[PDB]
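Undergrad: One structure is given below, represented as structure tokens, and several questions about it will come after.
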Amino acid sequence: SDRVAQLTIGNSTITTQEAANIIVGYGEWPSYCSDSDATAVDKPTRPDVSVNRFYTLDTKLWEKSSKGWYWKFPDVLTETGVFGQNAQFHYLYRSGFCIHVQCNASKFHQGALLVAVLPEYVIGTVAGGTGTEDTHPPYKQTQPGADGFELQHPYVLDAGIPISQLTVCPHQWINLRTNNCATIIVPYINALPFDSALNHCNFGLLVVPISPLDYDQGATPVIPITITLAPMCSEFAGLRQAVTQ
Amino acid sequence: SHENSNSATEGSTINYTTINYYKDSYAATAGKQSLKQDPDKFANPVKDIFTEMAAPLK
Amino acid sequence: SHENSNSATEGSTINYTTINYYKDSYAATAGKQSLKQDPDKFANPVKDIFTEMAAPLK
Amino acid sequence: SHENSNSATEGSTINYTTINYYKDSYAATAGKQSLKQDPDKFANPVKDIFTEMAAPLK
Amino acid sequence: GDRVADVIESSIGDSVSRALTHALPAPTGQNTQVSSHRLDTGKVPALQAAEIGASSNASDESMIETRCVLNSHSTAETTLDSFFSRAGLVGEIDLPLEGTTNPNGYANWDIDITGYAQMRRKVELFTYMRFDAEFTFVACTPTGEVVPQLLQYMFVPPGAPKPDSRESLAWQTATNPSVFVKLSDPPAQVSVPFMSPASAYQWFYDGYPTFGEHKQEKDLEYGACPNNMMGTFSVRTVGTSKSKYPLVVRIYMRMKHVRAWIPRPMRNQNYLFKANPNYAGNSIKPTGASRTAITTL
Amino acid sequence: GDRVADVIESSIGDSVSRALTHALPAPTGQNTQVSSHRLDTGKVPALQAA
Ligand SMILES: CCO/N=C/c1ccc(OCC[C@@H](C)CCN2CCN(c3ccnc(C(N)=O)c3)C2=O)cc1
């Protein structure tokens with residue numbers, strides 16, 4: 001009655017019989033931009049069902065040695081379905097997100113994944129190792145797309161900050177002996193009412209194993225982690241030709 | 001005082017008690033802030049809240 | 001304050017809110033001016049005004 | 001003045017008359033203290049008090 | 001007009017962001033109530049499910065037998081203004097006589113407070129901040145001596161001409177705000193408003209400022225947000241002839257009327273550069289101290 | 001006198017032994033009532049937890 005759940009939006013429905021409730025980032029549901037917060041004057045377009053639906057974008061394999069991965073929003077969807085087209089044809093974009101991370105195993109497997117959302121997740125480099133070289137991360141690392149990217153130094157989140165304090169952000173855990181999914185609802189987070197879906201990534205989704213995956217020889221060794229997400233209250237403005245970046 | 005409303009906190013959910021001698025409010029002192037807190041926004045942002053006595057997962 | 005009315009703006013179509021410590025008003029601060037505007041005086045000084053919908057020359 | 005109650009004597013059995021220009025009361029002057037005294041607490045802390053006329057030990 | 005049902009009953013356009021939580025006044029630490037032994041089935045405060053993502057709701061009262069304690073400890077000193085409204089160093093400007101830096105009697109400093117660790121680490125606890133600020137300027141020679149010298153500080157906002165010499169025409173300062181002061185006078189001090197084009201400044205921007213191909217040679221612009229670039233602070237000795245004294249200007253900032261959003265993990269690796277969170281990859285250190293065994297102090 | 005709360009609200013000294021059961025008169029063996037077939041879910045008298 002808190003373990004079972006159904007998430008229906010658009011022409012897609014998700015089910016889970018081993019949930020752990022739902023998290024609503026910073027305690028507030030997504031919403032459309034009010035006429036007093038807005039600034040751009042053109043009438044926005046709100047596609048609704050064609051873009052506010054669940055998209056399953058990627059599957060990673062959880063291994064005994066995995067370090068963790070991250071994805072950037074809205075980067076992950078800029079080239080998928082109708083949402084992508086609208087993000088490409090419009091200068092302005094804004095929306096919320098419902099993130100559903102899936103990972104099931106057996107009552108004999110163990111391990112725990114920390115699933116968290118970190119706004120304005122700026123990536124840092126190791127500065128040439130000695131820290132005397134001012135290097136910068138490449139586009140494929142700041143905006144990895146749907147395939148995401150693997151963390152090199154999870155302890156410091158590849159940005160000189162302690163992952164041990166990541167729980168100060170909207171998060172959930174996937175502890176195999178307890179639940180097989182994590183659901184986080186995120187409102188639009190920015191210092192502006194609208195912004196570019198291409199140049200700016202509002203937040204990053206981190207999925208990091210804190211307690212290593214383990215099991216005995218003979219049990220299914222392939223344990224996938226699938227990422228499904230849905231935009232909420234998508235709004236677009238500033239129409240012109242399509243642009244990919 | 002009849003000054004300008006150009007402070008960074010003009011229209012905040014917490015009222016301040018400040019001092020100023022200029023026509024621009026941001027020139028004012030820091031004053032005292034309102035002692036309101038909302039821990040749940042960070043410590044308990046769950047959709048369906050669960051009691052203390054009961055078992056969180058049922 | 002009972003001072004002299006020797007300011008450059010004494011008798012202006014816009015009232016000011018100033019501070020002064022001397023008997024001569026021009027010694028006062030700049031204060032705040034009235035936020036009135038009249039763009040038409042420059043942007044549309046036509047005798048017979050024409051609407052937006054209609055055609056200016058008919 | 002609407003300031004903070006952070007003085008060392010806030011809630012004392014003797015009220016003070018002070019001056020201050022800051023939001024923190026301890027910044028205030030020493031002022032004047034209340035002229036109350038209780039010598040007996042030290043000079044005569046006996047359980048069963050004995051009069052002056054009578055003999056202390058009877 | 002609207003006639004088909006799905007349109008009439010849609011929530012498209014709802015601008016009211018529903019909030020699950022609300023603030024309550026809390027001027028003092030919560031009190032402790034009396035409690036006694038409880039030997040029940042069904043009731044179990046001690047057991048939690050951290051997976052949910054929420055913190056434990058268990059309290060002293062339900063874990064041990066408590067007494068009543070009237071807690072009057074204030075919460076005032078932990079407000080945002082209490083924490084930040086304390087002047088700290090955010091900039092140094094040298095005006096040497098014989099040097100390799102600013103030997104021409106003037107200097108331009110890009111307003112950027114991320115050059116000093118103490119102040120930086122505090123503001124980076126939050127993602128977005130909006131505030132006014134009080135700036136104090138302390139000048140003296142490199143020995144701390146006070147000399148009879150006149151200086152001119154000028155705030156050059158983006159787009160205004162940056163002085164290129166001690167006699168530059170821009171010092172006419174007919175529109176930009178300038179402060180003329182002596183090293184003998186007390187430190188100069190002024191109030192600065194919230195000047196960003198955005199509703200708040202942001203210590204982190206996971207994006208690029210422009211469109212196009214973001215090739216290797218432009219990666220230095222990743223994370224650069226113009227909304228945070230307030231301009232230049234220029235200083236010069238006032239004269240057509242070189243100064244007789246070497247000078248140093250220390251810049252202190254005191255935030256006030258502060259609002260902050262989105263808390264984040266606190267820096268645990270030394271800082272290296274102003275513009276980014278880069279860290280020395282070969283010196284990744286634990287967040288804190290360590291010990292020999294988990295079973296020994 | 002008593003003033004601190006934990007003392008006022010304590011059960012220290014309660015001499016009344018609370019009893020969970022009480023005696024009922026039973027001069028004869030209990031009777032047997034009529035019963036019929038029951039084909040229900042949820043109801044399960046036969047299953048116990050010794
Ligand atoms: C006579 C004239 O006297 N004039 C004085 C005077 C003094 C100070 C003035 O401006 C104060 C603006 C300050 C408060 C903004 C500091 N901020 C906000 C965001 N941000 C920032 C964010 C992310 N990254 C970086 C980064 N560097 O990588 C940097 C900042 O540094 C203006 C005028």
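Residue numbering restarts at 1 in every chain; chains get A, B, ... in the order shown in the structure tokens, and ligands count up from 1 in that same order.
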Matching every Cα in sequence order between the two identical chains, what are the coordinates of chain B once fitted onto chain D? Write them as a JSON list (two decimals) with N, CA and C atoms, in the first residue's frame.

TA:
```
[["chain", "number", "residue", "atom", "x", "y", "z"],
["B", 1, "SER", "N", 12.88, 50.68, 21.53],
["B", 1, "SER", "CA", 13.76, 49.98, 20.55],
["B", 1, "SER", "C", 13.45, 48.48, 20.50],
["B", 2, "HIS", "N", 13.37, 47.94, 19.28],
["B", 2, "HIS", "CA", 13.09, 46.52, 19.09],
["B", 2, "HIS", "C", 14.40, 45.81, 18.75],
["B", 3, "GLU", "N", 15.13, 45.42, 19.79],
["B", 3, "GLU", "CA", 16.41, 44.75, 19.65],
["B", 3, "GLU", "C", 16.38, 43.31, 20.19],
["B", 4, "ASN", "N", 17.56, 42.68, 20.26],
["B", 4, "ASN", "CA", 17.69, 41.31, 20.77],
["B", 4, "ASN", "C", 17.88, 41.35, 22.29],
["B", 5, "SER", "N", 17.43, 40.31, 22.99],
["B", 5, "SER", "CA", 17.57, 40.25, 24.44],
["B", 5, "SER", "C", 18.77, 39.38, 24.80],
["B", 6, "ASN", "N", 19.96, 39.85, 24.42],
["B", 6, "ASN", "CA", 21.21, 39.14, 24.66],
["B", 6, "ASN", "C", 22.15, 39.79, 25.68],
["B", 7, "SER", "N", 21.58, 40.35, 26.74],
["B", 7, "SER", "CA", 22.37, 41.00, 27.79],
["B", 7, "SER", "C", 22.62, 39.97, 28.89],
["B", 8, "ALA", "N", 23.69, 40.16, 29.66],
["B", 8, "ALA", "CA", 24.01, 39.23, 30.73],
["B", 8, "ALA", "C", 23.00, 39.30, 31.88],
["B", 9, "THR", "N", 22.29, 40.42, 31.96],
["B", 9, "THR", "CA", 21.31, 40.66, 33.02],
["B", 9, "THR", "C", 19.85, 40.60, 32.58],
["B", 10, "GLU", "N", 19.59, 39.99, 31.43],
["B", 10, "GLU", "CA", 18.22, 39.87, 30.94],
["B", 10, "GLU", "C", 17.50, 38.87, 31.86],
["B", 11, "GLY", "N", 16.48, 39.36, 32.58],
["B", 11, "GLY", "CA", 15.74, 38.50, 33.49],
["B", 11, "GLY", "C", 16.31, 38.52, 34.89],
["B", 12, "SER", "N", 16.76, 39.70, 35.31],
["B", 12, "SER", "CA", 17.36, 39.90, 36.63],
["B", 12, "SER", "C", 16.32, 40.44, 37.63],
["B", 13, "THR", "N", 16.57, 40.23, 38.92],
["B", 13, "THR", "CA", 15.67, 40.69, 39.96],
["B", 13, "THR", "C", 15.82, 42.20, 40.20],
["B", 14, "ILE", "N", 16.62, 42.83, 39.34],
["B", 14, "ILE", "CA", 16.86, 44.27, 39.42],
["B", 14, "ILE", "C", 16.85, 44.85, 38.00],
["B", 15, "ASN", "N", 15.94, 45.79, 37.76],
["B", 15, "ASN", "CA", 15.82, 46.42, 36.45],
["B", 15, "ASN", "C", 16.80, 47.57, 36.25],
["B", 16, "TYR", "N", 17.29, 47.71, 35.02],
["B", 16, "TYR", "CA", 18.26, 48.74, 34.67],
["B", 16, "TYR", "C", 17.70, 49.80, 33.71],
["B", 17, "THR", "N", 18.35, 50.96, 33.68],
["B", 17, "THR", "CA", 17.97, 52.07, 32.79],
["B", 17, "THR", "C", 19.18, 52.37, 31.91],
["B", 18, "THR", "N", 19.18, 51.81, 30.70],
["B", 18, "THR", "CA", 20.31, 51.95, 29.78],
["B", 18, "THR", "C", 20.09, 52.64, 28.43],
["B", 19, "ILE", "N", 21.19, 52.88, 27.73],
["B", 19, "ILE", "CA", 21.19, 53.51, 26.41],
["B", 19, "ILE", "C", 21.89, 52.55, 25.44],
["B", 20, "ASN", "N", 21.43, 52.52, 24.19],
["B", 20, "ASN", "CA", 22.02, 51.64, 23.18],
["B", 20, "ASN", "C", 21.67, 52.16, 21.79],
["B", 21, "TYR", "N", 22.51, 51.86, 20.80],
["B", 21, "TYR", "CA", 22.27, 52.30, 19.42],
["B", 21, "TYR", "C", 22.35, 51.10, 18.48],
["B", 22, "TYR", "N", 22.55, 49.92, 19.04],
["B", 22, "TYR", "CA", 22.69, 48.70, 18.24],
["B", 22, "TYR", "C", 21.59, 47.69, 18.53],
["B", 23, "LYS", "N", 21.45, 46.72, 17.64],
["B", 23, "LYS", "CA", 20.41, 45.71, 17.79],
["B", 23, "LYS", "C", 20.70, 44.65, 18.86],
["B", 24, "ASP", "N", 21.90, 44.67, 19.43],
["B", 24, "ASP", "CA", 22.26, 43.70, 20.47],
["B", 24, "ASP", "C", 22.35, 44.42, 21.81],
["B", 25, "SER", "N", 21.45, 44.07, 22.73],
["B", 25, "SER", "CA", 21.38, 44.71, 24.05],
["B", 25, "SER", "C", 22.67, 44.75, 24.86],
["B", 26, "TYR", "N", 23.55, 43.77, 24.71],
["B", 26, "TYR", "CA", 24.79, 43.81, 25.50],
["B", 26, "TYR", "C", 25.70, 44.98, 25.11],
["B", 27, "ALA", "N", 25.41, 45.61, 23.98],
["B", 27, "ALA", "CA", 26.19, 46.75, 23.53],
["B", 27, "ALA", "C", 25.84, 47.99, 24.36],
["B", 28, "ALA", "N", 24.74, 47.89, 25.08],
["B", 28, "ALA", "CA", 24.26, 49.00, 25.90],
["B", 28, "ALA", "C", 25.17, 49.40, 27.05],
["B", 29, "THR", "N", 24.87, 50.57, 27.61],
["B", 29, "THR", "CA", 25.62, 51.13, 28.73],
["B", 29, "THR", "C", 25.34, 50.33, 30.00],
["B", 30, "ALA", "N", 26.05, 50.67, 31.07],
["B", 30, "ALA", "CA", 25.88, 49.99, 32.33],
["B", 30, "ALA", "C", 24.60, 50.49, 32.99],
["B", 31, "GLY", "N", 24.36, 51.79, 32.85],
["B", 31, "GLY", "CA", 23.18, 52.42, 33.41],
["B", 31, "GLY", "C", 23.17, 52.53, 34.92],
["B", 32, "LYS", "N", 21.96, 52.41, 35.48],
["B", 32, "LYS", "CA", 21.75, 52.48, 36.92],
["B", 32, "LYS", "C", 21.14, 51.16, 37.37],
["B", 33, "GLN", "N", 21.62, 50.61, 38.48],
["B", 33, "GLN", "CA", 21.11, 49.35, 39.00],
["B", 33, "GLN", "C", 20.10, 49.60, 40.11],
["B", 34, "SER", "N", 19.32, 48.58, 40.46],
["B", 34, "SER", "CA", 18.32, 48.72, 41.50],
["B", 34, "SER", "C", 19.00, 48.64, 42.86],
["B", 35, "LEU", "N", 18.64, 49.56, 43.75],
["B", 35, "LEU", "CA", 19.24, 49.60, 45.08],
["B", 35, "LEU", "C", 18.61, 48.71, 46.15],
["B", 36, "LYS", "N", 18.48, 47.42, 45.85],
["B", 36, "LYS", "CA", 17.93, 46.44, 46.79],
["B", 36, "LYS", "C", 19.09, 45.71, 47.47],
["B", 37, "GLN", "N", 18.91, 45.35, 48.73],
["B", 37, "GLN", "CA", 19.93, 44.64, 49.49],
["B", 37, "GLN", "C", 19.31, 43.54, 50.34],
["B", 38, "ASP", "N", 20.09, 42.49, 50.60],
["B", 38, "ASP", "CA", 19.61, 41.39, 51.43],
["B", 38, "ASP", "C", 20.76, 40.86, 52.27],
["B", 39, "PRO", "N", 21.18, 41.64, 53.27],
["B", 39, "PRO", "CA", 22.28, 41.30, 54.18],
["B", 39, "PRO", "C", 22.10, 39.97, 54.93],
["B", 40, "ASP", "N", 20.86, 39.67, 55.32],
["B", 40, "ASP", "CA", 20.59, 38.46, 56.07],
["B", 40, "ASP", "C", 21.06, 37.17, 55.42],
["B", 41, "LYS", "N", 21.04, 37.14, 54.09],
["B", 41, "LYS", "CA", 21.47, 35.97, 53.33],
["B", 41, "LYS", "C", 22.88, 35.56, 53.76],
["B", 42, "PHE", "N", 23.66, 36.54, 54.21],
["B", 42, "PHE", "CA", 25.04, 36.30, 54.64],
["B", 42, "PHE", "C", 25.25, 36.57, 56.13],
["B", 43, "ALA", "N", 24.64, 37.64, 56.63],
["B", 43, "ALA", "CA", 24.80, 38.03, 58.02],
["B", 43, "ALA", "C", 23.93, 37.30, 59.02],
["B", 44, "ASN", "N", 22.80, 36.75, 58.58],
["B", 44, "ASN", "CA", 21.92, 36.06, 59.51],
["B", 44, "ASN", "C", 21.16, 34.93, 58.84],
["B", 45, "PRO", "N", 21.87, 33.91, 58.34],
["B", 45, "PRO", "CA", 21.22, 32.78, 57.67],
["B", 45, "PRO", "C", 20.83, 31.66, 58.64],
["B", 46, "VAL", "N", 20.13, 32.01, 59.72],
["B", 46, "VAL", "CA", 19.70, 31.02, 60.70],
["B", 46, "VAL", "C", 18.31, 30.51, 60.39],
["B", 47, "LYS", "N", 18.04, 29.27, 60.76],
["B", 47, "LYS", "CA", 16.73, 28.66, 60.53],
["B", 47, "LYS", "C", 15.68, 29.32, 61.41],
["B", 48, "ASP", "N", 15.91, 29.29, 62.73],
["B", 48, "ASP", "CA", 14.99, 29.89, 63.70],
["B", 48, "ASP", "C", 15.55, 31.22, 64.18],
["B", 49, "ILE", "N", 15.07, 32.31, 63.59],
["B", 49, "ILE", "CA", 15.55, 33.65, 63.94],
["B", 49, "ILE", "C", 15.29, 34.04, 65.40],
["B", 50, "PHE", "N", 16.29, 34.65, 66.03],
["B", 50, "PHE", "CA", 16.18, 35.09, 67.42],
["B", 50, "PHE", "C", 16.16, 36.62, 67.50],
["B", 51, "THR", "N", 15.28, 37.15, 68.35],
["B", 51, "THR", "CA", 15.14, 38.60, 68.52],
["B", 51, "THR", "C", 16.38, 39.26, 69.12],
["B", 52, "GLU", "N", 16.38, 40.59, 69.15],
["B", 52, "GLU", "CA", 17.50, 41.38, 69.68],
["B", 52, "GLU", "C", 17.46, 41.42, 71.21],
["B", 53, "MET", "N", 16.27, 41.66, 71.75],
["B", 53, "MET", "CA", 16.05, 41.75, 73.19],
["B", 53, "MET", "C", 16.35, 40.45, 73.94],
["B", 54, "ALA", "N", 15.79, 39.34, 73.45],
["B", 54, "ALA", "CA", 15.99, 38.04, 74.08],
["B", 54, "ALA", "C", 17.44, 37.57, 74.03],
["B", 55, "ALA", "N", 17.71, 36.47, 74.72],
["B", 55, "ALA", "CA", 19.05, 35.89, 74.75],
["B", 55, "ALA", "C", 19.10, 34.82, 73.65],
["B", 56, "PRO", "N", 20.00, 34.98, 72.67],
["B", 56, "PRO", "CA", 20.17, 34.05, 71.54],
["B", 56, "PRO", "C", 20.14, 32.55, 71.88],
["B", 57, "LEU", "N", 20.65, 32.18, 73.05],
["B", 57, "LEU", "CA", 20.67, 30.79, 73.50],
["B", 57, "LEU", "C", 19.81, 30.59, 74.74],
["B", 58, "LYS", "N", 18.59, 30.10, 74.55],
["B", 58, "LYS", "CA", 17.69, 29.86, 75.67],
["B", 58, "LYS", "C", 16.95, 28.54, 75.47]]
```

Undergrad: Would you mind listing the residues within 6 Å of ligand 1, counting only C-alpha atoms and all ligand atoms, as a compact mmCIF listing (two decimals) with N, CA, C and O atoms, in the first residue's frame?

TA:
```txt
# COMPACT_ATOMS: atom_id res chain seq x y z
N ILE E 111 35.50 41.79 -10.95
CA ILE E 111 34.74 41.47 -9.75
C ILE E 111 34.40 39.99 -9.74
O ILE E 111 33.53 39.52 -10.49
N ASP E 112 35.10 39.28 -8.87
CA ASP E 112 34.98 37.84 -8.73
C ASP E 112 35.47 37.47 -7.34
O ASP E 112 36.68 37.52 -7.07
N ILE E 113 34.56 37.08 -6.45
CA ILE E 113 34.96 36.75 -5.08
C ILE E 113 35.45 35.32 -4.84
O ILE E 113 35.65 34.93 -3.70
N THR E 114 35.65 34.55 -5.90
CA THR E 114 36.08 33.16 -5.72
C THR E 114 37.59 32.93 -5.61
O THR E 114 38.06 31.80 -5.74
N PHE E 135 30.69 46.87 0.81
CA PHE E 135 32.09 46.71 0.46
C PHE E 135 32.99 47.72 1.15
O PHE E 135 32.73 48.92 1.11
N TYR E 153 38.77 54.99 -6.85
CA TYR E 153 38.20 53.68 -7.15
C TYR E 153 37.02 53.98 -8.06
O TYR E 153 36.27 54.92 -7.81
N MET E 154 36.86 53.21 -9.12
CA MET E 154 35.73 53.42 -10.01
C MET E 154 35.13 52.09 -10.42
O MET E 154 35.85 51.16 -10.77
N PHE E 155 33.80 52.00 -10.36
CA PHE E 155 33.10 50.79 -10.75
C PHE E 155 32.77 50.88 -12.24
O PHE E 155 32.01 51.75 -12.66
N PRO E 177 30.05 55.22 -10.97
CA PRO E 177 30.27 55.74 -9.62
C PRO E 177 31.75 55.59 -9.22
O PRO E 177 32.35 54.53 -9.41
N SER E 178 32.33 56.67 -8.71
CA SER E 178 33.73 56.67 -8.27
C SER E 178 33.84 57.15 -6.82
O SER E 178 33.00 57.93 -6.35
N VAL E 179 34.86 56.67 -6.13
CA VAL E 179 35.12 57.09 -4.75
C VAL E 179 36.54 57.66 -4.71
O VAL E 179 37.48 57.01 -5.16
N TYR E 201 22.21 35.23 -8.15
CA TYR E 201 23.54 34.91 -8.63
C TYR E 201 23.59 33.38 -8.46
O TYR E 201 22.84 32.82 -7.65
N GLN E 202 24.44 32.70 -9.20
CA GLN E 202 24.54 31.26 -9.01
C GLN E 202 26.01 30.86 -9.02
O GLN E 202 26.76 31.22 -9.92
N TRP E 203 26.43 30.14 -7.99
CA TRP E 203 27.81 29.73 -7.88
C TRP E 203 28.14 28.56 -8.79
O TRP E 203 29.30 28.17 -8.94
N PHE E 204 27.11 28.00 -9.42
CA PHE E 204 27.31 26.88 -10.32
C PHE E 204 26.38 26.97 -11.52
O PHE E 204 25.18 27.22 -11.38
N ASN E 228 26.60 36.39 -13.78
CA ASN E 228 27.42 36.56 -12.57
C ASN E 228 28.54 37.57 -12.77
O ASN E 228 29.23 37.96 -11.82
N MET E 230 29.50 40.97 -12.99
CA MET E 230 29.04 42.32 -12.70
C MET E 230 29.91 43.46 -13.18
O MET E 230 29.50 44.62 -13.12
N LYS E 274 39.68 29.99 -9.88
CA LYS E 274 38.48 30.76 -9.62
C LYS E 274 37.26 30.27 -10.37
O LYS E 274 36.19 30.08 -9.81
N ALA E 275 37.43 30.09 -11.67
CA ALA E 275 36.34 29.70 -12.53
C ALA E 275 35.75 28.31 -12.42
O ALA E 275 34.69 28.06 -12.99
N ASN E 276 36.38 27.39 -11.70
CA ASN E 276 35.83 26.04 -11.68
C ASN E 276 36.14 25.21 -10.45
O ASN E 276 36.90 25.62 -9.58
```

Undergrad: Distance cut-off 8 Å, counting only C-alpha atoms - which residues of chain E neighbour chain A? Return them as a PyMOL selection string.

TA: chain E and resi 12-21+50-53+127-128+198-202+204-216+219-220+222-223+262-270+272-273+276-283+287

Undergrad: For the selection just defined, write its residues with C-alpha atoms to a file, as an mmCIF file, in the first residue's frame.

TA:
```cif
data_model
loop_
_atom_site.group_PDB
_atom_site.id
_atom_site.type_symbol
_atom_site.label_atom_id
_atom_site.label_comp_id
_atom_site.auth_asym_id
_atom_site.auth_seq_id
_atom_site.Cartn_x
_atom_site.Cartn_y
_atom_site.Cartn_z
ATOM 1 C CA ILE E 12 -2.731 22.711 -18.535
ATOM 2 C CA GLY E 13 -1.702 26.176 -17.425
ATOM 3 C CA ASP E 14 -1.833 25.744 -13.622
ATOM 4 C CA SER E 15 0.726 28.294 -12.363
ATOM 5 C CA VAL E 16 0.171 27.555 -8.675
ATOM 6 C CA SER E 17 3.067 25.374 -7.542
ATOM 7 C CA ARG E 18 1.604 23.048 -4.924
ATOM 8 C CA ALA E 19 3.829 22.856 -1.834
ATOM 9 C CA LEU E 20 3.940 19.797 0.436
ATOM 10 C CA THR E 21 5.639 21.666 3.298
ATOM 11 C CA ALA E 50 16.076 5.034 4.875
ATOM 12 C CA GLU E 51 15.464 3.905 1.296
ATOM 13 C CA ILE E 52 12.442 6.242 1.157
ATOM 14 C CA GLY E 53 14.810 9.212 1.141
ATOM 15 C CA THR E 127 23.491 27.059 -5.582
ATOM 16 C CA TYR E 128 21.549 30.299 -5.874
ATOM 17 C CA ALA E 198 18.809 36.994 -13.168
ATOM 18 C CA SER E 199 16.671 36.632 -10.031
ATOM 19 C CA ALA E 200 19.812 35.391 -8.293
ATOM 20 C CA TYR E 201 23.545 34.908 -8.632
ATOM 21 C CA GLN E 202 24.540 31.259 -9.006
ATOM 22 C CA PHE E 204 27.309 26.878 -10.322
ATOM 23 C CA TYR E 205 26.155 26.857 -13.934
ATOM 24 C CA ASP E 206 26.120 23.504 -15.705
ATOM 25 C CA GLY E 207 26.004 24.936 -19.187
ATOM 26 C CA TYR E 208 27.609 27.068 -21.879
ATOM 27 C CA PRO E 209 27.002 30.789 -22.488
ATOM 28 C CA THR E 210 26.596 30.523 -26.268
ATOM 29 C CA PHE E 211 25.340 28.206 -29.006
ATOM 30 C CA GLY E 212 27.393 26.298 -31.568
ATOM 31 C CA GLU E 213 30.051 23.609 -31.628
ATOM 32 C CA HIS E 214 31.758 23.387 -28.279
ATOM 33 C CA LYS E 215 35.145 22.225 -29.509
ATOM 34 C CA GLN E 216 38.303 21.769 -27.395
ATOM 35 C CA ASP E 219 35.837 24.418 -23.385
ATOM 36 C CA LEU E 220 37.180 27.202 -21.208
ATOM 37 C CA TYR E 222 31.923 25.734 -19.953
ATOM 38 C CA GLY E 223 30.414 26.915 -16.679
ATOM 39 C CA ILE E 262 19.288 24.639 -3.125
ATOM 40 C CA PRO E 263 21.860 23.525 -0.518
ATOM 41 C CA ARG E 264 24.717 21.322 -1.761
ATOM 42 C CA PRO E 265 27.666 19.228 -0.489
ATOM 43 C CA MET E 266 30.508 21.356 0.861
ATOM 44 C CA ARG E 267 33.890 21.537 -0.869
ATOM 45 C CA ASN E 268 36.219 18.883 0.562
ATOM 46 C CA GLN E 269 39.205 19.212 -1.797
ATOM 47 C CA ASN E 270 41.453 22.274 -2.019
ATOM 48 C CA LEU E 272 42.808 25.567 -7.530
ATOM 49 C CA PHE E 273 41.117 28.051 -9.852
ATOM 50 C CA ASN E 276 35.831 26.044 -11.679
ATOM 51 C CA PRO E 277 35.743 23.128 -9.233
ATOM 52 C CA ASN E 278 38.886 21.419 -10.608
ATOM 53 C CA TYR E 279 40.805 19.442 -7.998
ATOM 54 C CA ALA E 280 44.254 17.851 -7.910
ATOM 55 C CA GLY E 281 43.591 14.310 -9.123
ATOM 56 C CA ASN E 282 46.754 12.926 -7.503
ATOM 57 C CA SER E 283 45.922 14.350 -4.108
ATOM 58 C CA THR E 287 36.992 14.468 3.751
#
```

Undergrad: Give me the residues near residue 5 of chain F as a list in words, where near means some atom within 12 Å (using only C-alpha atoms) and where sequence neighbours in that chain fewer than 4 positions away do not count.

TA: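 The contact residues come out as residues 32, 33, 34, 35, 66, 67, 68, 69 and 70 of chain E; 9 and 10 of chain F.
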
Undergrad: Write the selection just made, keeping C-alpha atoms, as a compact mmCIF listing (two decimals), in the first residue's frame?

TA:
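Below is the file again-v9.txt, written as the result:
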```
# COMPACT_ATOMS: atom_id res chain seq x y z
CA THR E 32 11.61 17.69 25.67
CA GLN E 33 8.44 16.13 27.06
CA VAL E 34 8.17 13.58 29.85
CA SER E 35 7.99 9.97 28.67
CA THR E 66 12.87 11.38 29.29
CA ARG E 67 12.14 14.21 31.70
CA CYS E 68 10.68 17.59 30.82
CA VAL E 69 13.18 20.19 29.67
CA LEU E 70 12.14 23.73 28.78
CA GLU F 9 3.24 12.33 35.87
CA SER F 10 5.04 9.21 37.13
```

Undergrad: Quick one: DSSP alpha helix (DSSP H) residues in segment 73-246 of chain E, as a list in words?

TA: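 Here is the list: residues 80, 81, 82, 83, 84, 117, 118, 119, 120, 121, 122 and 123 of chain E.
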
Undergrad: When you draw a straight line from atom CA of residue 131 of chain E to atom CA of residue 173 of chain E, how long is it in Å?

TA: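 One can read the atom CA of residue 131 of chain E to atom CA of residue 173 of chain E distance as 26.1 Å.
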
Undergrad: Using 12 Å as the limit and counting only C-alpha atoms, can you tabulate each residue of chain E that touches chain D, with its shortest atom-to-atom distance in Å and the two atoms involved, as a Markdown table?

TA:
```
| residue | atom | partner | partner_atom | distance |
| --- | --- | --- | --- | --- |
| E:27 | CA | D:4 | CA | 11.9 |
| E:73 | CA | D:6 | CA | 11.5 |
| E:74 | CA | D:6 | CA | 10.1 |
| E:76 | CA | D:4 | CA | 9.5 |
| E:77 | CA | D:4 | CA | 11.2 |
```

Undergrad: Now that the selection is made, can you save its residues with N, CA and C atoms as a CSV table (one decimal), in the first residue's frame?

TA:
```csv
chain,number,residue,atom,x,y,z
E,27,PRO,N,11.9,29.9,17.1
E,27,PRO,CA,12.8,30.8,17.8
E,27,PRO,C,13.7,30.2,18.8
E,73,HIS,N,17.1,27.8,24.2
E,73,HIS,CA,18.2,28.1,23.4
E,73,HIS,C,17.8,28.7,22.1
E,74,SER,N,18.3,29.9,21.8
E,74,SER,CA,17.9,30.6,20.5
E,74,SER,C,18.4,29.9,19.3
E,76,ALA,N,18.6,32.1,16.6
E,76,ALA,CA,18.9,33.3,15.9
E,76,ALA,C,20.2,33.3,15.1
E,77,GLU,N,21.3,32.8,15.8
E,77,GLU,CA,22.6,32.9,15.1
E,77,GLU,C,22.8,32.0,13.9
```
